[PDB]
Amino acid sequence: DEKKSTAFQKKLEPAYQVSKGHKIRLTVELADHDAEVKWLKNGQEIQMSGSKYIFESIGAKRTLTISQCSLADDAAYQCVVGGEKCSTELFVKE
Amino acid sequence: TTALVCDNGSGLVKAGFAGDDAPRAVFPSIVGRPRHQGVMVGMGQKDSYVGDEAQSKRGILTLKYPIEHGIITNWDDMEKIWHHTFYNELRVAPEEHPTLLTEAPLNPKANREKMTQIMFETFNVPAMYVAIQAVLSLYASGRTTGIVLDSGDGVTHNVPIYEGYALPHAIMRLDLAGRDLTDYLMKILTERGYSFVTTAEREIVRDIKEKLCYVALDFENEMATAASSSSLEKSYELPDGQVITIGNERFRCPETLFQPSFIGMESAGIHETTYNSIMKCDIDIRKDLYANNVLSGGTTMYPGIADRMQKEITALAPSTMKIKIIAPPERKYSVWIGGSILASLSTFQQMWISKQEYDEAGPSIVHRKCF
Amino acid sequence: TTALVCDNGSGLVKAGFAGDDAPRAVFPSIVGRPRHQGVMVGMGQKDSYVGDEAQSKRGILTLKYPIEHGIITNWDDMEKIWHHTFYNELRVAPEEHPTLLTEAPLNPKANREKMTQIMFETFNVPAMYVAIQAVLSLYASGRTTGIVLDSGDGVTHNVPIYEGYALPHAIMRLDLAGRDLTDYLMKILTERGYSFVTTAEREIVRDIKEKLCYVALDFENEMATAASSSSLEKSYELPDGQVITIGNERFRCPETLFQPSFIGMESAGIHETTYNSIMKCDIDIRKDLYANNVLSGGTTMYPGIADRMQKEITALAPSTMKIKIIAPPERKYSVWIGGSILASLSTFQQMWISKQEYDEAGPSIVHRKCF
Amino acid sequence: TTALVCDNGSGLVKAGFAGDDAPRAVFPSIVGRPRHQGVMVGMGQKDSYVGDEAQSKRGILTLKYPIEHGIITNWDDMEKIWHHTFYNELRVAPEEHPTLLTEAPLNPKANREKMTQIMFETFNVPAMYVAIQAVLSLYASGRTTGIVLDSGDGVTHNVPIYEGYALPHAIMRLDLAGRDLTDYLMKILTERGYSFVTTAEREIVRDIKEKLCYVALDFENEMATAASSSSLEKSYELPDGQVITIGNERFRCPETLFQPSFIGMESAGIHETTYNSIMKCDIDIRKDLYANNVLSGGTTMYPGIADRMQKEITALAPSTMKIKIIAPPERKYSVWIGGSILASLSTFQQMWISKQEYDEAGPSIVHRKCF
């Protein structure tokens, strides 16, 4: 039994869903209280786009909050730690 | 629900919902009583013009600012500013909306507490918060560290933060800011021949300040240039005509930020209170502060203050240390935008001063565990 | 299985598996609580920064050493040091691993017993051992005989061993060591003009101590040189700038090892407590001890302490007797490396204090036949 | 002849002849350049107002202290302070007068040597001396033993002396003193609403500090009293009017002596650096030091610091040991008065650094056999 989330204590899900003009949050947790994820999206490093992408890291645990999501934001977030990436597909749902 | 990130500001109140790029309501914080009689009967004019409606009727009003230097000096006006902000500019009743206020560092305790009384008693906000106007301009700038220079229209404060821990002692507050610079440009346009004593043209000369003025890279070289050459004599059109040609009074207004001895302010400029604010910190975190010096505030939007600031703060720092200034082109609204980051955090939900938490402990709840 | 040769140390905890050259985890034994508030919300900073993570955030922390002079004075910190050692630096659960601790001579009995309680109860090590920090630096040095001078960062003890039999009576323990030298260099850099009172720059001046300082071969000749010449004025760059030029305060910090009257310590230097430790032994084994004087410990890595030590211990010994000092260039880690020899011996397998042997006899099992 | 017992001090230079009760010339050590122009012609105002003459013209001057924290940072000002001291306040030429200077412990060597250069070269004193500012406050207090707490305006140092032998290692020097307390009361009167940024009102708030402030016996009980009751709200009249009512900011300024975490100073209060200064001494002379704890210095003249000091130093000491604090009501001038004992001794006549003894050995004569 090898449960993943090694450097993660929580990885993103396989997909999220949010309404257009609605906010969501991604939840990775890391097994280290200083390990970061890369937040990539469909293979692009999620950078904190104002408030449309918000790394709230509670100790170890990194949480990507996407404000007023739009069908633009409907896509895959790969929280890519080196060696561990969860390609959730956010489902912004208009 | 959605939280309203309000911002008292100083001469530019800005408000909008938590979850926006830019605030939805940006207007000057003026309250104008009409001085003249009104011979037309049945006109039905109000006893109090507030906000941007009083920016179009300036030649008849006695415009007043309810926030002189950070402090609110007249609460019956500031209640009208907030009432106009919620009901007319944003058109949302604050009964079902939390409200993030932003108040500068080192204000009076009675200002912050009285602000909380006006928010809970009159407007009946369910849960408001009061956050420090320099930290939000560190949220928006995307830096976890670094001294931030929030040169507001009202007051200019140089708060340092290292690794998310603000340093309380090293915070330097300077009264000199955009309002006092506008008063000094009223003082030096009289030196050319154009008189401005009425406060209604306080908005005229400030507009001159928005367009023409710039922080010069050197001062004695530019005073050696503008006294002989005529390449700096730039004109401006007033709202009636009589275009005015400002020469050496152009870079001489914003230099008072760096020479407070022009207006009799004792202190050093904000190129040295930044350095005294870094030297007040410990001698190991200074390296990140010299690299991560943030500029914010409307007064910092002069063309070339990021190079003159870097030149002077490089001339004061040890020369082996890297100097970088993070000034994104939204310097003015960076106090608001981080507020739109602040109230949108899920971890910030515990930070709200609830009304049940208010009525148990009165107005002094603000300086307890909830801030 | 593999045994972990831990080492409490004093300001430099080192740990690694039995069977390595050098320890895999070398970091200072600090625990820092953050003194300042933190205005950034949602940062999620911990209540306790430990180890080398607290060496990068020094300008915000109140760094504390849980081991003052050999003794552990705060066990709730030392548990965090060990927990950070096993789980983060080595990433091995100690349930399936024996653990070799190293504790200095002449410590309190309650220190050693309490250490055994923390190892068996909290971490649940299956079989730990506590070995004397000077004998392992005799394993690593490849000598069966000879007085060993383990001048640790915390405490300096001059244990003699002849033919593998340590002499209990002749063991001399001196509180003066690297920590107290660092406090004295804080005391004499104030004599030049550079103030160090905050413990966060305790790590700055120690780094000065690592680079600049050296044990001079004579003292009054070098004080006659550095007061007139300027060949010893060597500079150093602090992490912000303001490079400092240490002249005669360079060889004056490590001379306190040889002149304890500088800091009011009554005792003689470690060039004479070595001689009093040899004269305390019998008068026939001294010949091998004068030849086989070992130096170990981080504090002994000054440039030229092996020649000044030999000069003084030759000036005190009978001059017909050969003086040699065995100091391999791994003086600092020699306490660990012999530990990597110690737990790797097959004959040492009987020496482990098993948990079945622990629970039958409580924490006082350490001073019985198993040590 | 008569010797002048000068005293650099920190914000209160005091000077007088050896053989007096109290010093004949007590005035603040300020040097003020006039900032403004002067439109009246022929007024003949000087380029440098020094001393008490610059205390009456404060609203036009940029007052500067040439002694920041013990050290002299600007010698061209301190020469003017001494020149004004000898020629105007005492009206004696120092050619035919020895001069006793008093310099704090743990100052830079260059400060003491440069002071000797300014005394012999410029003023041409025939024989000057530099004595330690805490020992003279042990002469005046009439104690042969005991730790003395000279909390000056500039710096606060806790020197122990037993049977006339000072302990060099146990001397604790703390930068926190009356100047930094005055800066903190400038920091917390802004918390009420009264702004003080100009250094000319540095003398106003210090006068508030002289009158209103007191060291409270408990802190959380008095913060529980002044937040609810109004018995501590005491008013003060500024030199123009607008009387100010200080409540809980009264006992909160001098508490920073006992809580240095208010202003970000790392160290413990002077109720614990006294205890760490006694515990640094040997464990048999402590009994006389706990009984003979002396307080001196202007900063120690708060109403009730002798009881709060005794309460805290009794709470830290072993409770079987008698605690007594010798604080005569001339705490401020006790550094001078023992100086008037010092230069009046006939055995002190050999101690003077003569000019013949100076010119043979240069400025480094001070750290030789003559001190």
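Please read every residue number as a count from 1 along the shown chain.
Header says: electron microscopy, 6.1 Å.
Cβ from N, Cα, C; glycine included.
These features come from Swiss-Prot:
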DISULFID  A:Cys79-A:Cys86  disulfide bond
MOD_RES   A:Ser70  phosphoserine
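When the recorded positions A:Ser70, A:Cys79, A:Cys86 are compared by the number of other CB atoms within 10 angstroms of each CB, A:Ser70 has the fewest. Counting in whole angstrom, A:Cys86 (disulfide bond) lies 21 from A:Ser70 (phosphoserine) by their C-alpha atoms. A gap of 20 Å separates the Cα atoms of A:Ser70 (phosphoserine) and A:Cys79 (disulfide bond).
In three-state terms derived from DSSP, A:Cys86 (disulfide bond) belongs to an extended strand segment.
Taken residue by residue with DSSP, A:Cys79 (disulfide bond) is part of a strand.
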